[PDB]
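Q: Take a look at this one; I'll ask things after.
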Amino acid sequence: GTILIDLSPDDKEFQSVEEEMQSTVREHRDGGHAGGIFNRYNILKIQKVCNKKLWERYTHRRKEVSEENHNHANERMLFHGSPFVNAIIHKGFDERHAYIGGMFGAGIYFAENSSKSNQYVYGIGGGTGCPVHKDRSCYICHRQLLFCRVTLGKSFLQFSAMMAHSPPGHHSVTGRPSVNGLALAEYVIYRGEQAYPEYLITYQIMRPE
Amino acid sequence: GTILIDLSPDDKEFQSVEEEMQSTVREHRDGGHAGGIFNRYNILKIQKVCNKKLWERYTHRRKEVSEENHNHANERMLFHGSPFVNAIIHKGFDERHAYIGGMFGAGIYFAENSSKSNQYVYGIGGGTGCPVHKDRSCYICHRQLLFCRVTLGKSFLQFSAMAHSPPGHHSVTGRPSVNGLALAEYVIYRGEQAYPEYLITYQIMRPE
Ligand SMILES: C[C@]1(c2ccc(-c3nc4ccccc4c(=O)[nH]3)cc2)CNC(=O)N1
Ligand SMILES: C[C@]1(c2ccc(-c3nc4ccccc4c(=O)[nH]3)cc2)CNC(=O)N1
Ligand SMILES: [Zn+2]
Ligand SMILES: [Zn+2]
């Protein structure tokens with residue numbers, strides 16, 4: 001039941017999503033090993049992801065979490081990179097989309113930094129890079145990220161020196177880098193129904209000049 | 001310089017062009033937002049586009065490409081949809097017919113799927129639909145597509161879900177990498193590498 005609607009580059013909505021992408025690129029401590037070497041993206045397309053059933057699944061869970069957290073959904077827009085983006089937009093998030101060995105427990109991970117999510121587009125650690133060239137820093141092949149609506153509820157704050165259940169009385173974990181002060185937060189949910197894949201962004205990383 | 005010659009529905013040439021039009025319809029990931037909801041067309045007319053100057057411009061360029069690519073023009077018949085089909089058939093393709101924001105750069109885009117070109121008849125994203133009813137899925141208004149002769153030469157293969165061609169290439173091929181049912185799309189960067197051979201007038205048909 002999913003349909004994808006192209007946004008025009010002249011639309012404020014497109015422009016706002018692009019600015020969130022570009023403005024949250026940072027340097028990574030791997031020197032680009034996983035996601036490649038770049039300071040900015042070439043945005044090729046931004047689509048709205050429309051699925052009535054997945055939307056209702058999301059809003060029903062958001063309502064439950066909101067009431068449990070004293071009428072506060074604590075809803076965010078966050079990036080998600082994955083080799084299973086095509087499955088996610090059609091079937092929704094579920095246990096198959098978790099990062100079992102993630103530092104804040106076995107759940108589904110999201111980032112404030114677009115460039116953090118870019119590290120997972122070709123798998124954990126960037127896998128072997130793009131299919132065609134086996135290049136984690138490929139400037140040719142098209143990549144996709146999701147920009148998702150995520151319900152955090154009561155979030156457990158975990159400072160970090162950079163499917164499971166949530167901490168008791170918590171609906172998510174907030175992983176907050178405490179050493180690199182330019183690194184933004186990462187977030188973990190333990191129920192697929194707490195995220196909706198609202199935008200599908202197609203892009204290339206750009207070689208610095 | 002352009003004249004349009006009507007083909008009879010009994011002509012084998014009409015029949016072969018209609019079959020390519022109908023047989024290359026697919027479902028689109030927008031659920032019909034841009035192009036409308038349909039599985040087939042009502043073909044109203046097919047006309048041959050005859051212009052001596054435009055044809056000679058095409059064949060001159062085709063020979064240049066062929067000579068740069070081991071005597072192989074790599075010539076295809078592909079669909080083109082555009083709000084400017086009337087300018088195209090009278091004056092030829094040029095930089096004003098390019099899709100500046102296309103996924104493979106600013107060039108002139110063609111499709112194997114007739115239904116992909118149908119999404120552009122009323123503009124990028126289907127614009128605001130037909131002039132009369134403002135409906136992207138209008139079943140009443142007459143639409144036009146071009147079925148064009150296109151020189152690809154050495155084509156750059158882009159896997160995926162006016163500028164210049166990549167150096168050492170004469171076109172780009174957009175290979176579909178997600179939708180298993182999509183056919184290829186193609187971009188040229190010189191208007192002289194396409195000739196608008198057939199003008200097809202049609203309606204999209206409402207599914208039963
Ligand atoms: C599903 C998959 C996986 C792993 C990690 C991510 C991922 N991990 C992150 C970790 C931190 C911040 C963002 C992300 C992010 O956007 N995506 C996504 C998918 C791929 N293989 C696997 O075992 N787990
Ligand atoms: C001239 C125009 C335009 C844009 C895209 C197309 C077009 N784009 C395609 C993209 C992929 C496949 C086919 C086509 C196709 O048949 N036509 C045609 C005209 C219309 N407005 C504009 O700025 N560029
Ligand atoms: Zn590549
Ligand atoms: Zn109409």
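In the structure tokens, chains take letters A, B, ... by order of appearance, with residues numbered from 1 within each chain and ligands from 1 in the order shown.
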Using only C-alpha atoms and all ligand atoms, which protein or nucleic acid residues are at most 6 Å from ligand 1, as JSON, numbers by chain?
A: {"A": [79, 80, 81, 82, 97, 98, 99, 109, 110, 111, 116, 117, 120, 123, 124, 186]}
Q: For chain A, which residues have at least one atom within 12 Å of chain B, if we go by only C-alpha atoms? Write them as a PDB file with C-alpha atoms, in the first residue's frame, please.
A:
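Output contents, as saved in iface07.pdb:
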```pdb
ATOM      1  CA  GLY A   1       0.000   0.000   0.000  1.00  0.00           C
ATOM      2  CA  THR A   2       2.960   2.412  -0.217  1.00  0.00           C
ATOM      3  CA  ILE A   3       3.039   5.226  -2.732  1.00  0.00           C
ATOM      4  CA  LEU A   4       5.941   7.657  -3.191  1.00  0.00           C
ATOM      5  CA  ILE A   5       5.281  11.308  -4.077  1.00  0.00           C
ATOM      6  CA  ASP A   6       8.131  13.392  -5.574  1.00  0.00           C
ATOM      7  CA  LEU A   7       8.705  16.758  -3.973  1.00  0.00           C
ATOM      8  CA  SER A   8       9.653  19.629  -6.258  1.00  0.00           C
ATOM      9  CA  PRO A   9      13.013  21.303  -5.555  1.00  0.00           C
ATOM     10  CA  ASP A  10      11.093  24.643  -5.585  1.00  0.00           C
ATOM     11  CA  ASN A  42      24.290  16.083  -4.194  1.00  0.00           C
ATOM     12  CA  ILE A  43      20.543  15.595  -3.488  1.00  0.00           C
ATOM     13  CA  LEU A  44      18.936  13.879  -6.491  1.00  0.00           C
ATOM     14  CA  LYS A  45      15.377  13.321  -5.245  1.00  0.00           C
ATOM     15  CA  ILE A  46      13.193  13.633  -2.119  1.00  0.00           C
ATOM     16  CA  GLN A  47       9.961  11.599  -1.936  1.00  0.00           C
ATOM     17  CA  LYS A  48       7.153  11.525   0.598  1.00  0.00           C
ATOM     18  CA  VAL A  49       6.311   7.974   1.702  1.00  0.00           C
ATOM     19  CA  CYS A  50       2.551   7.428   1.985  1.00  0.00           C
ATOM     20  CA  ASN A  51       1.065   4.306   3.534  1.00  0.00           C
ATOM     21  CA  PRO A  83      20.610  -1.747   3.329  1.00  0.00           C
ATOM     22  CA  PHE A  84      16.906  -2.606   3.890  1.00  0.00           C
ATOM     23  CA  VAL A  85      15.386   0.822   3.086  1.00  0.00           C
ATOM     24  CA  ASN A  86      13.227  -0.754   0.328  1.00  0.00           C
ATOM     25  CA  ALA A  87      11.703  -3.232   2.770  1.00  0.00           C
ATOM     26  CA  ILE A  89       9.088   1.831   3.154  1.00  0.00           C
ATOM     27  CA  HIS A  90       6.828  -1.062   2.031  1.00  0.00           C
ATOM     28  CA  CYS A 130      28.619   0.201  -3.331  1.00  0.00           C
ATOM     29  CA  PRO A 131      27.581  -2.989  -5.260  1.00  0.00           C
ATOM     30  CA  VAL A 132      29.100  -1.821  -8.558  1.00  0.00           C
ATOM     31  CA  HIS A 133      32.544  -0.554  -7.465  1.00  0.00           C
ATOM     32  CA  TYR A 139      30.946   9.347  -5.695  1.00  0.00           C
ATOM     33  CA  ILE A 140      29.067   7.780  -8.640  1.00  0.00           C
ATOM     34  CA  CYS A 141      26.479   5.383  -7.253  1.00  0.00           C
ATOM     35  CA  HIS A 142      23.143   6.581  -5.876  1.00  0.00           C
ATOM     36  CA  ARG A 143      22.472   6.206  -2.151  1.00  0.00           C
ATOM     37  CA  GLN A 144      19.214   6.418  -0.191  1.00  0.00           C
ATOM     38  CA  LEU A 200      13.020   8.886   1.114  1.00  0.00           C
ATOM     39  CA  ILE A 201      16.070  10.888   0.051  1.00  0.00           C
ATOM     40  CA  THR A 202      18.189   9.814  -2.980  1.00  0.00           C
ATOM     41  CA  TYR A 203      21.672  11.325  -3.164  1.00  0.00           C
ATOM     42  CA  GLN A 204      25.382  11.076  -3.902  1.00  0.00           C
TER      43      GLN A 204
END
```
Q: What lies within 9 Å of residue 91 in chain B using only C-alpha atoms, ignoring chain neighbours under 5 positions off, as an NGL selection string?
A: :B and (1-2 or 54 or 86)
Q: Counting only C-alpha atoms and all ligand atoms, name the residues that have an atom within 7 Å of an atom of ligand 4; the answer should be given as a VMD selection string.
A: chain B and resid 130 to 135 138 to 141
Q: Mind dumping the selected residues with N, CA and C atoms as a PDB file, in the first residue's frame?
A:
```
ATOM      1  N   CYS B 130      -4.197  18.276 -16.982  1.00  0.00           N
ATOM      2  CA  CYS B 130      -4.681  18.808 -18.247  1.00  0.00           C
ATOM      3  C   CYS B 130      -5.071  20.307 -18.104  1.00  0.00           C
ATOM      4  N   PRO B 131      -4.838  21.128 -19.151  1.00  0.00           N
ATOM      5  CA  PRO B 131      -5.267  22.548 -19.111  1.00  0.00           C
ATOM      6  C   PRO B 131      -6.769  22.769 -18.806  1.00  0.00           C
ATOM      7  N   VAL B 132      -7.625  21.881 -19.291  1.00  0.00           N
ATOM      8  CA  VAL B 132      -9.072  22.075 -19.221  1.00  0.00           C
ATOM      9  C   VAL B 132      -9.630  21.714 -17.841  1.00  0.00           C
ATOM     10  N   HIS B 133      -9.277  20.542 -17.308  1.00  0.00           N
ATOM     11  CA  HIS B 133      -9.859  20.070 -16.033  1.00  0.00           C
ATOM     12  C   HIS B 133      -8.903  20.103 -14.830  1.00  0.00           C
ATOM     13  N   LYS B 134      -7.645  20.490 -15.043  1.00  0.00           N
ATOM     14  CA  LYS B 134      -6.599  20.449 -14.004  1.00  0.00           C
ATOM     15  C   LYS B 134      -6.437  19.069 -13.365  1.00  0.00           C
ATOM     16  N   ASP B 135      -6.579  18.016 -14.174  1.00  0.00           N
ATOM     17  CA  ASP B 135      -6.590  16.640 -13.691  1.00  0.00           C
ATOM     18  C   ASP B 135      -5.410  15.846 -14.314  1.00  0.00           C
ATOM     19  N   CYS B 138      -6.744  12.800 -16.156  1.00  0.00           N
ATOM     20  CA  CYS B 138      -7.881  13.068 -17.043  1.00  0.00           C
ATOM     21  C   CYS B 138      -8.031  11.971 -18.090  1.00  0.00           C
ATOM     22  N   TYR B 139      -9.248  11.425 -18.206  1.00  0.00           N
ATOM     23  CA  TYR B 139      -9.567  10.408 -19.222  1.00  0.00           C
ATOM     24  C   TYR B 139     -10.229  10.970 -20.485  1.00  0.00           C
ATOM     25  N   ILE B 140     -10.469  12.277 -20.514  1.00  0.00           N
ATOM     26  CA  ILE B 140     -11.167  12.923 -21.626  1.00  0.00           C
ATOM     27  C   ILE B 140     -10.173  13.610 -22.557  1.00  0.00           C
ATOM     28  N   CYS B 141      -9.247  14.367 -21.984  1.00  0.00           N
ATOM     29  CA  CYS B 141      -8.374  15.227 -22.769  1.00  0.00           C
ATOM     30  C   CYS B 141      -7.356  14.388 -23.587  1.00  0.00           C
TER      31      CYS B 141
END
```
Q: Residues within 8 Å of residue 77 in chain B, please, as a ChimeraX atom specification. Count only C-alpha atoms; anything in the same chain fewer than 6 positions from it doesn't count.
A: /B:147-150
Q: Against ligand 2, which residues of chain B fall within 9 Å? For each one I want the closest pair of atoms and the distance in Å (one decimal), counting only C-alpha atoms and all ligand atoms, rows by chain and increasing residue number, as CSV.
A:
```
residue,atom,partner,partner_atom_place_in_ligand_line,distance
B:78,CA,ligand 2,16 (O),8.6
B:79,CA,ligand 2,16 (O),5.9
B:80,CA,ligand 2,16 (O),3.5
B:81,CA,ligand 2,16 (O),3.8
B:82,CA,ligand 2,18 (C),4.3
B:83,CA,ligand 2,20 (C),6.1
B:84,CA,ligand 2,1 (C),6.7
B:85,CA,ligand 2,19 (C),8.9
B:95,CA,ligand 2,1 (C),8.6
B:96,CA,ligand 2,1 (C),6.2
B:97,CA,ligand 2,1 (C),4.0
B:98,CA,ligand 2,1 (C),5.1
B:99,CA,ligand 2,4 (C),4.0
B:100,CA,ligand 2,23 (O),6.2
B:101,CA,ligand 2,23 (O),7.8
B:102,CA,ligand 2,10 (C),6.9
B:103,CA,ligand 2,10 (C),8.6
B:107,CA,ligand 2,5 (C),8.9
B:108,CA,ligand 2,18 (C),7.0
B:109,CA,ligand 2,9 (C),4.5
B:110,CA,ligand 2,13 (C),4.2
B:111,CA,ligand 2,13 (C),4.4
B:112,CA,ligand 2,12 (C),8.0
B:113,CA,ligand 2,12 (C),8.0
B:114,CA,ligand 2,16 (O),8.1
B:115,CA,ligand 2,13 (C),8.8
B:116,CA,ligand 2,13 (C),5.6
B:117,CA,ligand 2,16 (O),3.6
B:118,CA,ligand 2,16 (O),7.0
B:119,CA,ligand 2,15 (C),7.5
B:120,CA,ligand 2,17 (N),5.2
B:121,CA,ligand 2,18 (C),7.5
B:122,CA,ligand 2,20 (C),8.3
B:123,CA,ligand 2,20 (C),5.1
B:124,CA,ligand 2,4 (C),5.4
B:125,CA,ligand 2,5 (C),8.6
B:145,CA,ligand 2,16 (O),8.1
B:146,CA,ligand 2,16 (O),8.3
B:174,CA,ligand 2,11 (C),9.0
B:184,CA,ligand 2,12 (C),8.4
B:185,CA,ligand 2,12 (C),5.3
B:186,CA,ligand 2,12 (C),7.0
B:187,CA,ligand 2,11 (C),8.1
```
Q: Within 12 Å of residue 29 in chain A, counting only C-alpha atoms, which residues qualify if same-chain residues fewer than 6 places away don't, as a PyMOL selection string?
A: chain A and resi 35-37+115-116+119+162+179-180+182-183
Q: Residues of range 2-196 of chain B classed as helix (DSSP H, G or I) by DSSP on the backbone are to be reported as an mmCIF file with N, CA, C and O atoms, in the first residue's frame.
A:
```
data_model
loop_
_atom_site.group_PDB
_atom_site.id
_atom_site.type_symbol
_atom_site.label_atom_id
_atom_site.label_comp_id
_atom_site.auth_asym_id
_atom_site.auth_seq_id
_atom_site.Cartn_x
_atom_site.Cartn_y
_atom_site.Cartn_z
ATOM 1 N N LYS B 12 0.978 -1.534 -41.298
ATOM 2 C CA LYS B 12 1.838 -2.315 -40.395
ATOM 3 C C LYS B 12 2.682 -1.391 -39.506
ATOM 4 O O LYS B 12 3.040 -1.737 -38.391
ATOM 5 N N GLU B 13 3.022 -0.218 -40.044
ATOM 6 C CA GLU B 13 3.808 0.760 -39.336
ATOM 7 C C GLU B 13 3.032 1.356 -38.153
ATOM 8 O O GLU B 13 3.603 1.560 -37.085
ATOM 9 N N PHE B 14 1.748 1.662 -38.360
ATOM 10 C CA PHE B 14 0.862 2.100 -37.283
ATOM 11 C C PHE B 14 0.806 1.018 -36.226
ATOM 12 O O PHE B 14 0.900 1.298 -35.020
ATOM 13 N N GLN B 15 0.589 -0.218 -36.677
ATOM 14 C CA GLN B 15 0.397 -1.335 -35.761
ATOM 15 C C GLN B 15 1.631 -1.628 -34.907
ATOM 16 O O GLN B 15 1.499 -1.935 -33.739
ATOM 17 N N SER B 16 2.816 -1.544 -35.495
ATOM 18 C CA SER B 16 4.053 -1.796 -34.730
ATOM 19 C C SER B 16 4.334 -0.671 -33.686
ATOM 20 O O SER B 16 4.768 -0.958 -32.581
ATOM 21 N N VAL B 17 4.020 0.585 -34.031
ATOM 22 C CA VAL B 17 4.180 1.717 -33.099
ATOM 23 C C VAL B 17 3.137 1.619 -31.966
ATOM 24 O O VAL B 17 3.490 1.768 -30.771
ATOM 25 N N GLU B 18 1.883 1.312 -32.301
ATOM 26 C CA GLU B 18 0.864 1.111 -31.270
ATOM 27 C C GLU B 18 1.286 -0.001 -30.320
ATOM 28 O O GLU B 18 1.115 0.142 -29.116
ATOM 29 N N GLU B 19 1.807 -1.112 -30.844
ATOM 30 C CA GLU B 19 2.197 -2.250 -29.963
ATOM 31 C C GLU B 19 3.320 -1.852 -28.966
ATOM 32 O O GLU B 19 3.256 -2.232 -27.789
ATOM 33 N N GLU B 20 4.314 -1.078 -29.418
ATOM 34 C CA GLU B 20 5.348 -0.583 -28.505
ATOM 35 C C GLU B 20 4.756 0.345 -27.433
ATOM 36 O O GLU B 20 5.104 0.225 -26.257
ATOM 37 N N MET B 21 3.865 1.244 -27.827
ATOM 38 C CA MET B 21 3.139 2.106 -26.880
ATOM 39 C C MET B 21 2.390 1.289 -25.791
ATOM 40 O O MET B 21 2.553 1.511 -24.561
ATOM 41 N N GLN B 22 1.572 0.331 -26.220
ATOM 42 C CA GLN B 22 0.707 -0.386 -25.287
ATOM 43 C C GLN B 22 1.499 -1.352 -24.417
ATOM 44 O O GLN B 22 1.210 -1.483 -23.240
ATOM 45 N N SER B 23 2.467 -2.051 -25.020
ATOM 46 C CA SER B 23 3.160 -3.148 -24.358
ATOM 47 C C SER B 23 4.184 -2.655 -23.338
ATOM 48 O O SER B 23 4.641 -3.446 -22.520
ATOM 49 N N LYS B 52 13.039 17.529 -43.597
ATOM 50 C CA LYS B 52 14.327 17.253 -44.247
ATOM 51 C C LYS B 52 15.544 17.826 -43.503
ATOM 52 O O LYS B 52 16.523 17.114 -43.296
ATOM 53 N N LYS B 53 15.490 19.093 -43.108
ATOM 54 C CA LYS B 53 16.589 19.743 -42.390
ATOM 55 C C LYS B 53 16.861 19.063 -41.048
ATOM 56 O O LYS B 53 18.017 18.820 -40.688
ATOM 57 N N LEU B 54 15.794 18.770 -40.302
ATOM 58 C CA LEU B 54 15.958 18.114 -38.986
ATOM 59 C C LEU B 54 16.514 16.685 -39.132
ATOM 60 O O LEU B 54 17.320 16.246 -38.312
ATOM 61 N N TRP B 55 16.084 15.983 -40.169
ATOM 62 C CA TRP B 55 16.541 14.623 -40.433
ATOM 63 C C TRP B 55 18.047 14.641 -40.777
ATOM 64 O O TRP B 55 18.816 13.828 -40.287
ATOM 65 N N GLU B 56 18.464 15.598 -41.590
ATOM 66 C CA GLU B 56 19.863 15.696 -41.998
ATOM 67 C C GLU B 56 20.768 16.105 -40.836
ATOM 68 O O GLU B 56 21.885 15.600 -40.718
ATOM 69 N N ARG B 57 20.265 16.967 -39.958
ATOM 70 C CA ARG B 57 20.934 17.304 -38.707
ATOM 71 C C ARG B 57 21.131 16.055 -37.836
ATOM 72 O O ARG B 57 22.219 15.862 -37.289
ATOM 73 N N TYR B 58 20.079 15.238 -37.716
ATOM 74 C CA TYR B 58 20.178 13.967 -36.981
ATOM 75 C C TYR B 58 21.235 13.024 -37.605
ATOM 76 O O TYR B 58 22.107 12.509 -36.887
ATOM 77 N N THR B 59 21.152 12.768 -38.913
ATOM 78 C CA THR B 59 22.043 11.758 -39.555
ATOM 79 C C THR B 59 23.510 12.201 -39.614
ATOM 80 O O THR B 59 24.440 11.365 -39.535
ATOM 81 N N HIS B 60 23.730 13.516 -39.695
ATOM 82 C CA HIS B 60 25.088 14.068 -39.608
ATOM 83 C C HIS B 60 25.708 13.742 -38.258
ATOM 84 O O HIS B 60 26.836 13.231 -38.197
ATOM 85 N N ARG B 61 24.971 14.026 -37.184
ATOM 86 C CA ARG B 61 25.451 13.727 -35.848
ATOM 87 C C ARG B 61 25.616 12.208 -35.608
ATOM 88 O O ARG B 61 26.564 11.789 -34.953
ATOM 89 N N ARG B 62 24.695 11.407 -36.140
ATOM 90 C CA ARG B 62 24.730 9.950 -35.995
ATOM 91 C C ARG B 62 26.019 9.368 -36.598
ATOM 92 O O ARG B 62 26.656 8.478 -36.014
ATOM 93 N N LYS B 63 26.415 9.909 -37.749
ATOM 94 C CA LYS B 63 27.665 9.505 -38.398
ATOM 95 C C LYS B 63 28.898 9.895 -37.571
ATOM 96 O O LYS B 63 29.839 9.091 -37.437
ATOM 97 N N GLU B 64 28.896 11.080 -36.972
ATOM 98 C CA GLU B 64 29.989 11.473 -36.076
ATOM 99 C C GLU B 64 30.126 10.520 -34.879
ATOM 100 O O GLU B 64 31.246 10.145 -34.480
ATOM 101 N N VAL B 65 28.986 10.208 -34.254
ATOM 102 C CA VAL B 65 28.991 9.316 -33.110
ATOM 103 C C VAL B 65 29.461 7.932 -33.528
ATOM 104 O O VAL B 65 30.326 7.332 -32.873
ATOM 105 N N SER B 66 28.866 7.414 -34.594
ATOM 106 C CA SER B 66 29.227 6.109 -35.140
ATOM 107 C C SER B 66 30.749 6.001 -35.373
ATOM 108 O O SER B 66 31.392 5.019 -34.970
ATOM 109 N N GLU B 67 31.337 7.044 -35.949
ATOM 110 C CA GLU B 67 32.777 7.006 -36.241
ATOM 111 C C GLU B 67 33.668 7.044 -34.988
ATOM 112 O O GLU B 67 34.797 6.553 -35.034
ATOM 113 N N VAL B 85 6.050 19.415 -27.064
ATOM 114 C CA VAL B 85 6.041 18.556 -28.255
ATOM 115 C C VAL B 85 5.811 19.324 -29.544
ATOM 116 O O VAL B 85 6.399 18.977 -30.569
ATOM 117 N N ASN B 86 4.996 20.386 -29.510
ATOM 118 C CA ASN B 86 4.789 21.196 -30.723
ATOM 119 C C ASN B 86 6.042 21.955 -31.167
ATOM 120 O O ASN B 86 6.348 21.979 -32.353
ATOM 121 N N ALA B 87 6.795 22.559 -30.243
ATOM 122 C CA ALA B 87 8.071 23.145 -30.614
ATOM 123 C C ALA B 87 9.038 22.080 -31.141
ATOM 124 O O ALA B 87 9.782 22.312 -32.122
ATOM 125 N N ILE B 88 9.044 20.910 -30.489
ATOM 126 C CA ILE B 88 10.015 19.892 -30.858
ATOM 127 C C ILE B 88 9.808 19.447 -32.307
ATOM 128 O O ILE B 88 10.777 19.335 -33.065
ATOM 129 N N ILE B 89 8.573 19.183 -32.709
ATOM 130 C CA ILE B 89 8.377 18.616 -34.047
ATOM 131 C C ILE B 89 8.637 19.641 -35.163
ATOM 132 O O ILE B 89 8.955 19.250 -36.267
ATOM 133 N N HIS B 90 8.560 20.933 -34.845
ATOM 134 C CA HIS B 90 8.783 22.010 -35.827
ATOM 135 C C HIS B 90 10.211 22.520 -35.859
ATOM 136 O O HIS B 90 10.728 22.820 -36.929
ATOM 137 N N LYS B 91 10.871 22.593 -34.709
ATOM 138 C CA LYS B 91 12.219 23.171 -34.599
ATOM 139 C C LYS B 91 13.313 22.188 -34.161
ATOM 140 O O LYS B 91 14.480 22.542 -34.178
ATOM 141 N N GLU B 95 18.454 22.792 -26.131
ATOM 142 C CA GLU B 95 18.604 22.938 -24.672
ATOM 143 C C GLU B 95 17.334 23.336 -23.901
ATOM 144 O O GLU B 95 17.214 23.021 -22.717
ATOM 145 N N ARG B 96 16.367 23.962 -24.567
ATOM 146 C CA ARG B 96 15.096 24.308 -23.941
ATOM 147 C C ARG B 96 14.228 23.102 -23.608
ATOM 148 O O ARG B 96 13.246 23.224 -22.871
ATOM 149 N N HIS B 97 14.575 21.940 -24.163
ATOM 150 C CA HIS B 97 13.807 20.703 -23.923
ATOM 151 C C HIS B 97 14.438 19.783 -22.874
ATOM 152 O O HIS B 97 13.883 18.717 -22.583
ATOM 153 N N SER B 114 6.543 3.634 -22.204
ATOM 154 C CA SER B 114 5.696 4.755 -22.636
ATOM 155 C C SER B 114 5.009 5.454 -21.437
ATOM 156 O O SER B 114 4.845 6.690 -21.436
ATOM 157 N N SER B 115 4.629 4.667 -20.428
ATOM 158 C CA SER B 115 3.966 5.207 -19.250
ATOM 159 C C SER B 115 4.874 6.141 -18.410
ATOM 160 O O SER B 115 4.361 7.036 -17.732
ATOM 161 N N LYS B 116 6.191 5.936 -18.442
ATOM 162 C CA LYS B 116 7.122 6.910 -17.838
ATOM 163 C C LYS B 116 7.080 8.257 -18.583
ATOM 164 O O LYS B 116 6.928 9.315 -17.949
ATOM 165 N N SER B 117 7.218 8.247 -19.909
ATOM 166 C CA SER B 117 7.069 9.511 -20.679
ATOM 167 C C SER B 117 5.699 10.193 -20.487
ATOM 168 O O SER B 117 5.609 11.438 -20.481
ATOM 169 N N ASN B 118 4.642 9.404 -20.332
ATOM 170 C CA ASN B 118 3.283 9.946 -20.066
ATOM 171 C C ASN B 118 3.229 10.824 -18.786
ATOM 172 O O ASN B 118 2.433 11.748 -18.693
ATOM 173 N N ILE B 124 6.820 18.476 -15.496
ATOM 174 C CA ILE B 124 7.526 17.691 -14.474
ATOM 175 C C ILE B 124 6.527 17.334 -13.359
ATOM 176 O O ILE B 124 5.764 18.173 -12.909
ATOM 177 N N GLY B 125 6.498 16.071 -12.946
ATOM 178 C CA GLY B 125 5.535 15.603 -11.969
ATOM 179 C C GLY B 125 4.088 15.624 -12.436
ATOM 180 O O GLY B 125 3.183 15.494 -11.630
ATOM 181 N N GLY B 126 3.864 15.754 -13.740
ATOM 182 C CA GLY B 126 2.522 15.935 -14.257
ATOM 183 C C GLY B 126 1.964 17.343 -14.144
ATOM 184 O O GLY B 126 0.791 17.547 -14.473
ATOM 185 N N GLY B 191 20.875 17.964 -28.685
ATOM 186 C CA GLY B 191 19.559 17.800 -29.334
ATOM 187 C C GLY B 191 19.581 17.094 -30.677
ATOM 188 O O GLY B 191 18.603 16.434 -31.056
ATOM 189 N N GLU B 192 20.719 17.203 -31.367
ATOM 190 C CA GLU B 192 20.943 16.545 -32.661
ATOM 191 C C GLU B 192 21.013 15.022 -32.585
ATOM 192 O O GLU B 192 20.967 14.384 -33.632
ATOM 193 N N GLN B 193 21.133 14.446 -31.378
ATOM 194 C CA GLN B 193 21.124 12.997 -31.230
ATOM 195 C C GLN B 193 19.735 12.359 -31.118
ATOM 196 O O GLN B 193 19.648 11.188 -30.789
#
```
Q: Just how far from CA of residue 184 in chain A is CA of residue 72 in chain A, in Å to one decimal?
A: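 According to the coordinates, CA of residue 72 in chain A and CA of residue 184 in chain A are separated by 22.4 Å.
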Q: What's the separation between CA of residue 168 in chain A and CA of residue 156 in chain A, in Å to one decimal place?
A: 9.4 Å
Q: Based on DSSP run over this structure's backbone, return all residues of range 11-91 of chain B in strand (DSSP E), as JSON, numbers by chain.
A: {"B": [41, 42, 43, 44, 45, 46, 47, 48, 49, 50, 75, 76, 77, 78, 79, 80]}
Q: Those same residues - N, CA and C atoms - I'd like them written as a short mmCIF file (atom, residue, chain, number, x, y, z; two decimals), in the first residue's frame.
A:
```cif
data_model
loop_
_atom_site.label_atom_id
_atom_site.label_comp_id
_atom_site.auth_asym_id
_atom_site.auth_seq_id
_atom_site.Cartn_x
_atom_site.Cartn_y
_atom_site.Cartn_z
N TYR B 41 -3.95 2.44 -23.27
CA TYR B 41 -4.35 3.67 -23.95
C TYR B 41 -5.43 3.45 -25.01
N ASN B 42 -6.14 4.52 -25.33
CA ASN B 42 -6.96 4.60 -26.53
C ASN B 42 -6.16 5.42 -27.51
N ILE B 43 -5.58 4.77 -28.52
CA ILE B 43 -4.78 5.46 -29.51
C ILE B 43 -5.71 6.14 -30.51
N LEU B 44 -5.56 7.45 -30.67
CA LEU B 44 -6.47 8.23 -31.54
C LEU B 44 -5.86 8.49 -32.92
N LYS B 45 -4.55 8.71 -32.97
CA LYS B 45 -3.87 8.98 -34.20
C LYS B 45 -2.35 8.72 -34.05
N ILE B 46 -1.71 8.27 -35.14
CA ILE B 46 -0.25 8.21 -35.23
C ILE B 46 0.17 8.86 -36.52
N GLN B 47 1.01 9.88 -36.41
CA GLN B 47 1.52 10.64 -37.54
C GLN B 47 3.05 10.54 -37.66
N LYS B 48 3.54 10.36 -38.89
CA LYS B 48 4.96 10.44 -39.20
C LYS B 48 5.36 11.91 -39.28
N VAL B 49 6.48 12.25 -38.65
CA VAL B 49 7.00 13.61 -38.63
C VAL B 49 8.07 13.71 -39.70
N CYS B 50 7.84 14.56 -40.70
CA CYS B 50 8.74 14.71 -41.86
C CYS B 50 9.31 16.11 -41.92
N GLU B 75 21.64 3.05 -31.93
CA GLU B 75 20.40 3.76 -32.16
C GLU B 75 19.21 2.96 -31.63
N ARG B 76 18.34 3.65 -30.88
CA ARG B 76 17.20 3.07 -30.22
C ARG B 76 15.94 3.85 -30.64
N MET B 77 14.78 3.24 -30.47
CA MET B 77 13.49 3.96 -30.57
C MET B 77 12.92 4.08 -29.15
N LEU B 78 12.74 5.33 -28.70
CA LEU B 78 12.39 5.62 -27.30
C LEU B 78 11.29 6.69 -27.22
N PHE B 79 10.55 6.68 -26.13
CA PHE B 79 9.48 7.66 -25.92
C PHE B 79 9.97 8.94 -25.29
N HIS B 80 9.30 10.04 -25.66
CA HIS B 80 9.52 11.33 -25.03
C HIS B 80 8.20 12.03 -24.80
#
```
Q: Of the candidates A:128, A:160, A:24, A:151, which shows the shortest atom-to-atom distance to ligand 3, using only C-alpha atoms and all ligand atoms?
A: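 Nearest candidate to ligand 3 out of A:128, A:160, A:24, A:151: A:128.
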